[PDB]
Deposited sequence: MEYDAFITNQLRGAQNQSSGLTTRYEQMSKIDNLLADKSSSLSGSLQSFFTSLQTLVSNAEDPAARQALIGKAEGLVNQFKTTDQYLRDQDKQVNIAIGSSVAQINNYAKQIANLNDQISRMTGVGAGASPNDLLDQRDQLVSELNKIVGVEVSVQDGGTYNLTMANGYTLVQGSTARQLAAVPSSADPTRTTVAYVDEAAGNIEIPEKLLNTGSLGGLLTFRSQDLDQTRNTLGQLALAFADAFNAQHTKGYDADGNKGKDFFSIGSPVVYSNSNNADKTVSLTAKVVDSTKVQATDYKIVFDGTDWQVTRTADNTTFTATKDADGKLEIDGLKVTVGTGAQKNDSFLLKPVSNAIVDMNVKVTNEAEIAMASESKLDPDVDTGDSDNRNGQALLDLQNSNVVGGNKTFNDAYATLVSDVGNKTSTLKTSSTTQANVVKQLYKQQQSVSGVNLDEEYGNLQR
């Protein structure tokens, strides 16, 4: 029977995690499966309108339609990204709610431990039920002391319940990222001690953490990379053309720039890094943990965990996947920084060419010629996203990848939920 309860608890914990991640991932899936919004469609519409234009580069109506489609493309990028941003905010709130529930359960369990210790059937049951509900949120190991009192210990060793004593966790901004809520344990003297997420990868809390870092962040970076690569390559080409009044074409799109967060554990909080894109086709869909080891800068890509020592250019700027990172002065050993090259790409994206006449369809100044227009339409068949995918290939793959990860989690979660029901039955009888 003891073994039975344990196995059941283990399975509920696993199930809570899978189910949470499946649920959150299904939101990303549904957002992307909708063809009535697909960036593939907004992109095709943009390119179709562009092909229409390439045929009669002089037609102001066709020029104006292109602008309309450029606006819709950017608006579709922004709509999708903002939904992902709203989901991130919900994850952060859910983390806080999880911590509050955990704290609550822990105090309840400690008080029950106390009541029980004084009598020493229903209190034993009430405690067991509370323990199982807590273990659904975050994994805890039960141990019992003489007198029959329960200890509840987390994977990192934090004693959430020590007989009559309950301890608490706290939802706090992560040290690496001020916009990110994470979890800490509470030391009486030192305050909040952050727990690395890898140690909270159990239960619904672990499902939220895993979804955010492995699914949500990556979706946002892949979408961001696409918008960036598209914006920069279209702009680069547009500016080599000449508009209807014979003037040099200008940047057609605005795009958000890289952002870098200085770890709050750093020696001097005023030390910052900045990053700028210098080759959009080498920009990756990842963030970067960059650590100054006293001599060199060690970089770890969040997307694939690959690492490397950064080389510096003549100016002493770090050279990272199509970016240059300015470090300045003040860096101490073990100082850490989180570079996000594309996460704000979309929120600051906009159409700069408002005037139908300002579209640069010509290769030569009129001072008809649709050569540059054809160069822009050819971008559709070019591998400018990460150096190896076209715009269409990059979105399609994201859609596909999310869809597949979703279906798989659906299977795992249904299976695990069934395991829970089967074990519970075998327990009741």
According to the record, which stretches of the deposited sequence lack C-alpha coordinates? 1-3, 124-131, 379-386, 449-463
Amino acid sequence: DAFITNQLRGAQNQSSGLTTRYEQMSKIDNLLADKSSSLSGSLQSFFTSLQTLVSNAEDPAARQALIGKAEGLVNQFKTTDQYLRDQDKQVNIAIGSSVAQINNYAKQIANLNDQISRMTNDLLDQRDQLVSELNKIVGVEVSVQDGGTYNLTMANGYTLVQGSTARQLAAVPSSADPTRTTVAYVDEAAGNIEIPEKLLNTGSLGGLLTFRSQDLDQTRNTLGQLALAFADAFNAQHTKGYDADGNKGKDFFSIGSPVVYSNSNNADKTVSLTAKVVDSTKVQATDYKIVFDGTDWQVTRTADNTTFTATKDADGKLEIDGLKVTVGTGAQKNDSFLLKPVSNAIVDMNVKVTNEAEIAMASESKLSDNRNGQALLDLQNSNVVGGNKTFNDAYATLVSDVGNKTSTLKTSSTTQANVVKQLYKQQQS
From here on, numbers count along this sequence of modelled residues.
Entry B factor averaged over C-alpha atoms, 33-41 against 59-67: higher for 33-41
Mean C-alpha B-factor higher for 90-98, or for 321-329? 321-329
When the CA B-factors of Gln214, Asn156, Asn104, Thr120 are compared as recorded in the entry, which is the largest? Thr120
Of the choices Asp81, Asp287, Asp313, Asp279, which one's C-alpha carries the largest B-factor in the record? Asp313
Report the third (lowest, middle or highest) to which the CA temperature factor of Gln14 belongs, ranking only the modelled residues of the same chain. middle
On the chain's distribution of Cα B-factors, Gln24 falls within the third called lowest
Assigned third (lowest, middle, highest) for the C-alpha B factor of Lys240: middle
Splitting the chain's C-alpha B-factors into thirds, which one does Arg301 fall into? lowest
For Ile116, the third of its chain by CA B-factor is the highest
